[PDB]
DNA sequence: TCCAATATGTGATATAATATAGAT
DNA sequence: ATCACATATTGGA
Ligand SMILES: [Zn+2]
């Protein structure tokens with residue numbers, strides 16, 4: 001309607017106040033709204049990358065996004081002086097500090113990883129806080145610990161830069177799929193952190209899964225890694241079964257309850273309501289006693305060292321420091337009792353933080369900045385991929401290969417634009433490398449930049465003029481090898497079709513790359529790639545026999561959440577529409593046998609399991625009984641309570 | 099290409115809708131798809 | 001180094017985010033929003049609101065042998081003391097009750113029960129929002145809705161006129177607003193409250209015969225009955241917004257009527273009580289209780305958030321007068337224009353406490369033949385320290401941190417949602433308009449930030465947005481229509 | 535005679551390519567014969583029939599399973615408006631009960 | 291949620307396989323098992339010993355006939371070994387008025403000092 | 001052949017052993033064996049020794065008083081309007097205490113009571129029935145006059161009525177569905193009606209409203225059973241009678257597979273291992289000469305990491321099975337033909353990390369799906385007869401388009417294969 | 244070439260419309276296909292050449308255009324001699340005429356549809372359930388096209 | 001006097017993965 | 001809360 005008439009193009013000139021998420025998308029002017037919405041969702045679906053790189057083609061609004069998002073870095077807002085450092089573990093310690101200006105006392109804790117939810121989290125770069133010792137000084141702006149997304153100069157990058165080409169690789173790119181080289185797969189690796197809790201009571205005992213005959217360890221130490229994908233296993237102890245089951249405590253038995261997780265331990269916390277003396281007696285829980293004494297000694301240290309600070313009347317302590325001191329003092333205090341879910345628990349409860357590096361796998365989704373979703377179809381050797389063997393760029397290989405069929409139909413031209421600009425940037429860098437004069441190099445660079453974005457050209461002129469000759473040489477060399485930054489702001493300052501036309505007509509030498517064994521000359525160029533959360537491990541499920549509901553029908557269990565099982569074991573539902581589609585086969589008897597043996601009837605299920613367990617493995621023929629199904633029994637009872645009874649005519 | 103389907107249809111009518119001729123149609127589809135993949139990787143396709 | 005140039009370019013960027021908007025969650029204080037909910041209980045004459053303040057959190061642990069227990073799950077919370085005073089039959093008791101409330105962590109999060117919960121801004125209309133054949137103002141508990149009905153009334157000369165009769169649907173009954181105003185002030189006092197004592201009159205048939213032809217030429221006459229009639233000035237009838245009042249008045253009068261019955265306030269109170277219940281003996285008491293409840297529909301927070309002149313914000317009757325006299329203009333307003341909308345944070349967190357208080361006070365008001373002090377005590381009998389936290393979590397008012405990455409600016413900090421307490425949005429289809437985008441959203445709300453699971457219900461605020469300072473977090477300092 | 539033509543014309547307007555035999559089956563299942571016997575079609579003139587909507591067809595039909603397992607269980611079991619007690623016709627879906 | 295069925299079916303089928311092996315190994319008929327089971331009541335120490343012998347192979351089933359078949363098989367296989375008293379213990383029946391043997395300090399200390 | 005809805009008379013079904021006398025479910029901090037959660041009658045939640053099926057039904061005996069059958073109540077409401085005022089009892093009194101209602105504004109039939117209603121049911125039915133609109137309902141009532149009034153109320157198994165006796169620090173908690181309350185209510189009422197001698201004349205105000213409230217509670221019980229347990233997606237009818245949660249099921253992502261037949265797919269390690277676990281245990285028990293539990297131990301060790309022996313067993317099973325270790329693959333929603341396909345496993349993937357079903361590209365159009373990562377459901381088919389029965393969902397049977405009797409283009413070349421063939425031939 | 248801020252608003256509004264449409268159709272399609280499938284699940288077929296259906300009872304259809312003629316393939320119709328004869332889709336002589344055809348709706352067999360009323364397609368589709376084929380063939384293109 | 005329109009009220013019913021927890 | 005379905009009054013004819 002005419003309401004949109006209020007929108008005046010002159011009012012929003014040189015303005016980006018209407019853009020929000022789209023600010024991270026270069027050439028947002030050219031992308032369609034659907035792909036932009038997909039990008040906004042992808043930014044949430046993104047995962048932290050171990051080898052995060054600043055974008056080659058950027059909007060310069062990215063570092064602002066990184067700064068104002070507070071979950072990745074920690075900044076000591078005031079000037080501080082390190083009062084003390086106390087170690088809980090080698091991976092986790094605590095720093096007590098004091099504001100030099102205000103005089104208040106505050107606290108800063110470190111850890112190797114931070115967990116967000118489920119199996120999602122990230123590793124930390126704790127080198128700045130680890131360099132700090134007692135009586136050192138923290139400035140007003142200092143990154144005590146940072147994520148891998150931020151580099152040394154606080155530049156923020158949510159993904160990697162990968163050399164891409166639009167190619168049809170043996171029809172492995174049908175619809176939208178990506179084939180990626182192993183070297184590029186290394187750059188697309190992420191972190192996986194899990195907080196798994198194993199609860200032990202007086203009935204159950206741990207098993208010597210880790211160690212030898214002299215050393216009894218039921219769980220890995222802090223530095224150790226997980227073996228056989230089992231954090232621990234527990235056996236219920238009863239005097240009747242103790243004579244035979246307790247012997248060979250080192251090996252697993254069918255009665256044991258195992259707990260599955262994979263990675264490296266980084267923090268273990270044990271809460272024990274058992275008397276410490278009884279643990280001293282028990283050999284199987286000796287490691288638990290050792291870690292309990294470690295936590296108690298750390299709390300004793302913090303009490304002894306911060307009593308003067310907390311209990312000094314003419315002193316100010318932050319609420320965080322006060323709560324920390326109070327919790328540690330409660331833990332060292334006598335008659336302390338721990339409750340889980342508002343219930344006093346028997347035995348103890350152990351919480352493990354486990355960190356691993358998970359790489360790129362088939363079925364994992366990686367996308368660009370323009371809604372170009374893709375599923376990794378094949379991870380191939382980097383040699384068995386398009387290689388160019390003509391010209392100066394010989395030996396260059398494509399890191400990823402994308403589907404070229406419907407690039408125009410997806411209404412996302414910015415993908416092609418970024419690829420083209422990085423492709424011509426390759427030629428600019430090569431021309432710079434061939435020249436032997438630094439002035440010639442900066443002249444070529446300023447020419448290309450002025451052709452793309454003029455403001456970046458002015459800023460680079462200022463930056464180069466300010467640099468020392470050695471610093472300028474380092475700048476030039478790293479630009480030649482690593483790549484040149486090009487700025488394509490989302491809405492104003494982007495490079496359009498006519499600007500690219502001018503660029504292509506000026507640089508007459510630039511032409512399509514001729515690759516080995518490929519008739520069509522194609523273009524390879526760096527584009528930005530981010531990794532999405534959806535993965536083959538996310539929704540994988542495999543159930544044969546699992547826990548049955550109270551009604552005798554299969555149902556899901558919380559075992560996968562509690563890390564008691566490796567895969568989901570979640571039952572699929574056969575919908576009513578699925579029944580209709582299956583009814584195409586007029587063998588309703590076979591469909592009813594399927595549903596009865598798999599779910600409705602217990603006798604048919606037991607018969608099926610027995611036939612598959614004993615008999616001929618290669619030829620399986622089953623005979624099923626005609627006993628009424630449990631679903632029919634429940635129906636009969638419900639209708640009986642209604643006062644109606646279905647009877648066959 | 100549009101006529102290919104017709105051929106297949108006539109095939110189904112020529113051999114009396116035999117199960118074997120249906121198996122052969124599926125085999126032809128698989129082989130033609132493999133050769134299509136070969137043509138696509140050797141003769142590249144690109145948008146720019 | 002390339003990193004140096006990237007940092008330099010980033011620092012030299014002209015366009016910058018509004019830091020104050022990013023840390024606006026720090027600006028909101030719990031006591032300011034908590035005071036009106038506590039004041040709601042002053043409906044009961046015995047209850048007096050002493051006040052609420054945060055109890056000191058500087059308490060330090062001491063070595064004890066008391067066998068105290070601590071949960072494995074860690075929760076960072078604050079404690080709020082609420083102080084009331086209740087006096088019954090010259091016996092006064094001072095009541096103090098403490099409630100736990102989430103404490104802000106990292107300037108944008110709460111930690112409760114070992115889980116990361118992040119608060120979310122809710123988008124809601126400021127006041128007098130438009131719905132099909134109705135204008136609605138949302139109070140703390142009971143929303144006041146005014147519904148319009150197209151009616152036809154024939155002139156004494158025989159020429160029919162089409163007008164609009166408006167009525168309130170409060171307490172599950174369609175009652176004309178003039179009935180409420182008649183019960184409060186009487187028909188004469190109602191005409192004087194609207195300043196219409198010179199414009200409208202009621203007279204006898206013989207008096208009508210005595211009137212000259214020039215007065216009939218300058219007035220419009222509608223005979224209520226054959227015996228009694230009503231006269232309204234022509235200049236008043238020329239305006240349709242004024243025709244609304246005349247149509248409501250015509251709908252109020254009945255065929256069986258008397259001049260002294262019109263002069264009787266008790267007749268209006270009885271008609272109201274009859275609207276709500278059919279028991280003739282208690283109709284007066286029913287109408288009196290209804291008028292009391294109508295007085296209590298308005299809340300002070302609603303008074304403050306309303307942008308109208310304070311003269312119209314004195315009491316509920318002033319608000320109804322302002323709405324009715326400007327009904328035609330207020331009805332013709334955009335529901336999605338951001339100037340007519342606002343964002344709120346801590347307000348929806350305190351709503352369960354308000355619901356509990358309202359239940360208790362409804363119990364005390366409806367109590368019959370029992371000790372008032374006892375029921376007043378029952379109001380604050382089961383108020384527990386963990387009530388607010390448990391109700392916040394279980395009612396899923398707070399959103400769990402499902403973040404997958406380190407970027408929190410766009411997934412948590414700037415997230416706005418239409419769903420929530422007092423939701424103007426629902427999964428029903430007719431609400432489709434709310435899911436769409438409006439031109440006034442430009443420069444203030446993200447255009448492509450919607451969620452695929454529930455389109456339009458969720459989005460993200462633009463970082464460059466600046467809310468007017470000291471404007472109650474409204475998008476605009478002044479509404480869409482300025483009543484020129 | 536006119537609903538089949540309307541169906542075909544609307545199918546052409548929509549571009550949906552489905553053969554009219556399947557559409558004729560779809561329309562046939564909606565209609566209910568007042569005699570409820572197919573043999574009356576062998577007679578000289580068309581028998582008495584009434585065409586229903588898709589929801590009313592199985593609810594007003596004579597099959598118990600496809601009606602109970604579909605929609606409006608409450609009104610079927612409580613009231614005889616659908617003549618549910620008189621239904622005796624069989625169905626493959628009966629085996630699922 | 292109740293316990294899963296599959297693993298219990300595995301264990302039960304293992305028990306059945308073991309009793310079939312026992313029947314085929316010694317050419318046992320129903321009459322020989324009847325001779326071994328004639329007027330035999332369930333004994334707690336006997337089921338404990340049977341659990342001990344097959345503790346590595348499976349878990350004991352609830353049906354008494356299966357336990358008695360396993361008893362005869364254990365008796366034969368133990369008789370093949372030099373063990374002698376335990377098969378005879380399995381064959382006889384325990385008394386209802388079970389009397390625990392008083393602690394023998396000499397015997398207990400002799401066993402404690404024993405190398406085995 | 002066919003199914004007929006039939007009224008049932010509880011008088012023949014009633015068993016005195018399944019009689020509930022205690023309305024209060026808890027007794028001495030444990031569930032009462034005479035309550036609605038009776039373990040002796042209904043069974044035990046987690047005990048195999050109780051051995052009580054879900055088919056067990058319990059009874060509440062309201063003798064010697066009778067009640068309207070709730071299921072028929074609605075019908076009666078149409079035949080006799082304002083039946084609620086008739087069954088309810090109300091009387092007024094003077095200061096002296098004489099009944100003073102005088103029946104000025106109420107019909108003589110109203111407010112008589114449920115016992116008077118049963119005594120005067122026939123004449124009242126003749127009074128209020130309208131033939132024009134309710135002749136069929138009146139005939140149905142005549143045919144089933146015996147089922148109209150009943151004295152015993154059934155209550156279904158406690159395993160369907162969830163009841164958990166959870167323990168809390170401040171206090172113990174009992175979690176139950178609302179239906180239980182209603183049941184208990186009924187019991188309480190009948191007890192308070194039966195403890196007083198029925199032969200001795202008592203005040204009607206103390207007894208008749210109790211009967212009316214009992215009728216209301218029974219009506220609500222029936223209504224709640226229909227509106228909660230037996231209707232909708234949540235209802236047992238749609239959820240588990242037609243559909244069901246299926247054992248031996250898997251959920252996998254899809255990825256393109258090349259150089260293989262169209263009906264042959266590549267299956268990951270973990271999914272095939274768990275789905276075909278019992279057959280693999282059989283094969284291991286036969287090969288290694290060990291009992292089945294030790295074979296389960298070996299499978300448990302092989303499911304953790306890739307074991308060459310286990311993969312050799314898997315490929316042996318894939319090669320030597322008669323039907324070919326086939327399965328059914330479906331993409332939700334199954335709103336089109338070809339959504340479910342009867343396919344064959346031809347390869348077991350050798351990488352534990354790779355967990356993607358390798359499906360052929362030509363199969364995408366029939367499934368109406370793309371490589372967007374959405375999970376497809378896999379249901380393995382074991383029985384050979386079932387294999388020959390579900391082979392009608394094989395790609396060969398869908399090669400012929402059922403609309404035209406021609407070749408189905410959904411199984412023809414996709415757009416990329418079309419580009420390749422076009423480059424080759426044109 | 245680029246875009247303007249007003250054009251960007253229009254584009255984002257269109258994208259929101261698309262998402263809303265997808266969300267609502269996700270709910271509608273299942274309901275429609277469920278109703279039609281539940282009704283047509285019990286359609287059957289029998290191997291009887293002639294069901295005795297009256298020739299006058301064979302309903303009529305108007306060959307208005309070419310698509311209407313395309314709908315009927317492997318379909319019978321009565322010539323002017325009075326004998327049932329197959330319909331050839333290629334012949335244009337039938338256009339502009341109204342033809343009475345043996346139809347499934349006029350089948351007189353209660354056990355199932357005869358070979359005449361279904362057509363020559365019977366032998367092709369006798370392996371699968373007929374009503375399910377029909378409901379799927381109607382419901383897939385309609386929802387996808389919407 | 002009747003009636004059709006308006007109005008009120010009754011009733012079925014609803015996607016897709018998913019963070020939990022009322023005195024002595 | 002959307003769609004259906006059914007009564008209850010009431011202004012209208
Ligand atoms: Zn026929």
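Chains as they are written, first to last, in PDB author numbering: chain F, 1 to 649; chain Y, 99 to 146; chain E, 1 to 484; chain Z, 535 to 631; chain L, 291 to 406; chain X, 1 to 426; chain C, 244 to 389. For every residue, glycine included, the Cβ atom is placed at its ideal position computed from N, Cα and C.
Using a Cβ-Cβ cut-off of 8 Å, residue 406/X counts as an interface residue toward chain Y, since at least one Cβ of chain Y sits closer than that to its own. Among the residues of chain F, those whose CB is under 8 Å from the CB of residue 254/C are 32 and 33, following chain order. Looking at 288/E, 44/E, 256/E and 346/E, the one whose alpha-carbon comes closest to that of residue 103/E is 346/E.
Secondary structure within the stretch 424-468 of chain E: the beta strand (DSSP E) runs of 3 or more consecutive residues, fully enclosed, are 458-460 (chain order).
In terms of Cα proximity to residue 59/F, the closest of 418/F, 87/F and 205/F is 418/F. The Cβ neighbour count for residue 269/C, taken over all protein chains shown within 10 Å, is under 16; the residue is labelled exposed.
Between the stretch 355-372 of chain L and the stretch 306-322 of chain L, the count of Cβ pairs shorter than 8 Å is three or higher; the stretches touch.
Judged by DSSP secondary structure, residue 262/E falls within the alpha helix (DSSP H) whose first and last residues are 259-263. Annotation: residue 297/X is outside any beta strand (DSSP E); the continuous alpha helix (DSSP H) that includes it extends over 292-302.
In this structure, the C-beta of residue 319/C stays at least 7 Å away from each heavy atom of ligand 1.
Residue 576/Z has its Cβ no nearer than 7 Å to any heavy atom of ligand 1.
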